[PDB]
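Some notes on the structure that comes next.
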Amino acid sequence: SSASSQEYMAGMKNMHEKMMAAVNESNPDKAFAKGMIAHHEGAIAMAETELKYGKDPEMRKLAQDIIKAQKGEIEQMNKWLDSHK
Amino acid sequence: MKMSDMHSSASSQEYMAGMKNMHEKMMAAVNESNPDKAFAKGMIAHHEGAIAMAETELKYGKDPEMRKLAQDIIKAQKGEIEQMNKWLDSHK
Ligand SMILES: [Cu+]
Ligand SMILES: [Cu+]
Ligand SMILES: [Cu+]
Ligand SMILES: [Cu+]
Ligand SMILES: [Cu+]
């Protein structure tokens with residue numbers, strides 16, 4: 001019960017850590033890439049927690065979709081960073 | 001290395017603002033006991049952060065690929081926000 005809230009909270013504080021290190025970036029394109037990647041990783045964590053503790057099928061469906069999509073956009077921003085600035 | 005660079009640009013400030021806003025709303029959303037409801041409220045606040053970060057990118061960003069992604073992200077996140085919003089207004 002409260003175990004779900006902590007797992008949610010753990011993924012959040014995890015995302016906050018990396019997102020903090022990405023906004024001190026000066027180049028706003030690099031800041032968007034690094035920040036949204038950490039932000040997207042937060043979605044995946046929050047979605048995986050829902051798959052563990054969630055009971056509602058519609059939301060568990062959305063969580064599965066969110067994991068698939070965010071992972072995709074993440075690999076794009078990663079490739080964008082390996083080539084740019 | 002430069003001392004006057006010890007202050008953030010406007011773009012970094014807007015990015016910082018969107019984070020502090022997203023964290024606040026997400027904090028108030030994990031207070032849910034029901035994890036399905038917690039996922040909905042939390043991902044909504046989390047998704048709104050994506051929109052803010054993408055809007056900040058559209059305001060200050062120059063790279064075409066990333067500007068396109070920011071545009072798409074705003075569309076998709078808003079849609080999924082509407083889904084979770086209706087899900088919250090309909091499920092108990
Ligand atoms: Cu994201
Ligand atoms: Cu200041
Ligand atoms: Cu917090
Ligand atoms: Cu999100
Ligand atoms: Cu490029």
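We label chains A, B, ... in the order they appear in the structure tokens, count residues from 1 in each chain, and number ligands from 1 in the order shown.
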9 Å contact set for stretch 34-44 of chain B, only C-alpha atoms, chain neighbours under 6 positions out, as an NGL selection string: (:A and (1-2 or 4-5 or 8 or 43 or 46-47 or 49-50 or 53-56 or 59-60 or 63)) or (:B and (25-28 or 77-78 or 80-82 or 84-85 or 87-88 or 91-92))
For C-alpha atoms, I'd like the residues from the last selection saved as a PDB file, in the first residue's frame.
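After the write, again_24.pdb holds the following:
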ATOM      1  CA  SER A   1       0.000   0.000   0.000  1.00  0.00           C
ATOM      2  CA  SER A   2       2.364   2.700   1.244  1.00  0.00           C
ATOM      3  CA  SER A   4       3.725   1.822  -3.756  1.00  0.00           C
ATOM      4  CA  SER A   5       3.990   5.452  -2.611  1.00  0.00           C
ATOM      5  CA  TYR A   8       6.826   6.191  -6.707  1.00  0.00           C
ATOM      6  CA  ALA A  43       8.092   8.382 -16.522  1.00  0.00           C
ATOM      7  CA  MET A  46       6.691   5.752 -12.411  1.00  0.00           C
ATOM      8  CA  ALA A  47       5.090   3.541 -15.059  1.00  0.00           C
ATOM      9  CA  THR A  49       5.704   1.033 -10.356  1.00  0.00           C
ATOM     10  CA  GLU A  50       2.150   1.181 -11.709  1.00  0.00           C
ATOM     11  CA  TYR A  53       1.079  -2.244  -7.824  1.00  0.00           C
ATOM     12  CA  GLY A  54      -1.681  -1.093 -10.154  1.00  0.00           C
ATOM     13  CA  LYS A  55      -4.997  -2.902 -10.435  1.00  0.00           C
ATOM     14  CA  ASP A  56      -6.794  -0.850 -13.116  1.00  0.00           C
ATOM     15  CA  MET A  59      -3.990   2.718 -16.574  1.00  0.00           C
ATOM     16  CA  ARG A  60      -1.754  -0.350 -16.605  1.00  0.00           C
ATOM     17  CA  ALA A  63       1.833   2.627 -18.355  1.00  0.00           C
TER      18      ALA A  63
ATOM     19  CA  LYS B  25       2.496  19.126  -8.224  1.00  0.00           C
ATOM     20  CA  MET B  26       4.013  15.644  -8.176  1.00  0.00           C
ATOM     21  CA  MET B  27       4.546  15.864  -4.422  1.00  0.00           C
ATOM     22  CA  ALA B  28       0.848  16.568  -3.862  1.00  0.00           C
ATOM     23  CA  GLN B  77       1.746  14.466 -23.518  1.00  0.00           C
ATOM     24  CA  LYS B  78      -1.369  16.664 -23.701  1.00  0.00           C
ATOM     25  CA  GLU B  80      -2.244  11.313 -22.557  1.00  0.00           C
ATOM     26  CA  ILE B  81      -3.039  14.029 -20.005  1.00  0.00           C
ATOM     27  CA  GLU B  82      -6.587  14.193 -21.354  1.00  0.00           C
ATOM     28  CA  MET B  84      -5.721  10.273 -17.480  1.00  0.00           C
ATOM     29  CA  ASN B  85      -7.908  13.288 -16.705  1.00  0.00           C
ATOM     30  CA  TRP B  87      -9.914   8.395 -16.346  1.00  0.00           C
ATOM     31  CA  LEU B  88      -9.827  10.277 -13.053  1.00  0.00           C
ATOM     32  CA  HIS B  91     -13.100   5.845 -12.182  1.00  0.00           C
ATOM     33  CA  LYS B  92     -13.601   5.754  -8.426  1.00  0.00           C
TER      34      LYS B  92
END
6 Å contacts from chain A to chain B using only C-alpha atoms, as a ChimeraX atom specification: /A:23,28-29,54
Find the residues of chain A that sit at most 9 Å from ligand 4; for each, write down the nearest two atoms and how far apart they are in Å, to one decimal. Count only C-alpha atoms and all ligand atoms. Sort by chain, then by number going up, and give it as a tab-separated table.
residue	atom	partner	partner_atom_place_in_ligand_line	distance
A:39	CA	ligand 4	1 (Cu)	7.3
A:40	CA	ligand 4	1 (Cu)	6.8
A:42	CA	ligand 4	1 (Cu)	7.5
A:43	CA	ligand 4	1 (Cu)	5.1
A:44	CA	ligand 4	1 (Cu)	8.6
A:46	CA	ligand 4	1 (Cu)	8.7
A:66	CA	ligand 4	1 (Cu)	8.3
A:70	CA	ligand 4	1 (Cu)	9.0
Can you check which parts of chain A lie within 8 Å of ligand 5? Per residue, the shortest pair of atoms and distance in Å to one decimal, counting only C-alpha atoms and all ligand atoms, sorted by chain and number, as a tab-separated table.
residue	atom	partner	partner_atom_place_in_ligand_line	distance
A:80	CA	ligand 5	1 (Cu)	7.3
A:83	CA	ligand 5	1 (Cu)	7.7
A:84	CA	ligand 5	1 (Cu)	6.3
Take the residues that were just selected and, keeping C-alpha atoms, output them as a tab-separated table (two decimals), in the first residue's frame.
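Output file part_17.tsv is given in full below:
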chain	number	residue	atom	x	y	z
A	80	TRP	CA	21.44	13.48	-30.85
A	83	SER	CA	26.83	13.84	-32.47
A	84	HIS	CA	26.04	17.41	-31.39
Å distance separating atom CA of residue A:77 from atom CA of residue A:34, one decimal place: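 Value for the atom CA of residue A:77-atom CA of residue A:34 distance: 7.8 Å.
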Residue list (helix (DSSP H, G or I), DSSP) for chain B, as a ChimeraX atom specification: /B:4-6,10-30,35-60,64-90
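Interatomic distance, atom CA of residue A:45 to atom CA of residue A:26: 27.4 Å.
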Report as a tab-separated table the residues of chain A within 8 Å of ligand 3, each with its shortest atom pair and distance in Å (one decimal), using only C-alpha atoms and all ligand atoms, ordered by chain and increasing residue number.
residue	atom	partner	partner_atom_place_in_ligand_line	distance
A:9	CA	ligand 3	1 (Cu)	7.8
A:12	CA	ligand 3	1 (Cu)	7.8
A:13	CA	ligand 3	1 (Cu)	7.0
Those selected residues, please, written with N, CA, C and O atoms and delivered as a compact mmCIF listing (two decimals), in the first residue's frame.
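Once everything was written out, this is again-v8.txt:
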# COMPACT_ATOMS: atom_id res chain seq x y z
N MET A 9 7.93 7.50 -4.99
CA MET A 9 8.78 8.57 -4.49
C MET A 9 10.24 8.31 -4.85
O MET A 9 10.98 9.25 -5.15
N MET A 12 10.89 9.34 -8.32
CA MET A 12 10.85 10.79 -8.42
C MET A 12 12.15 11.43 -7.97
O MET A 12 12.75 12.23 -8.69
N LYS A 13 12.60 11.11 -6.75
CA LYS A 13 13.85 11.67 -6.26
C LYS A 13 15.01 11.23 -7.15
O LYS A 13 15.99 11.97 -7.31
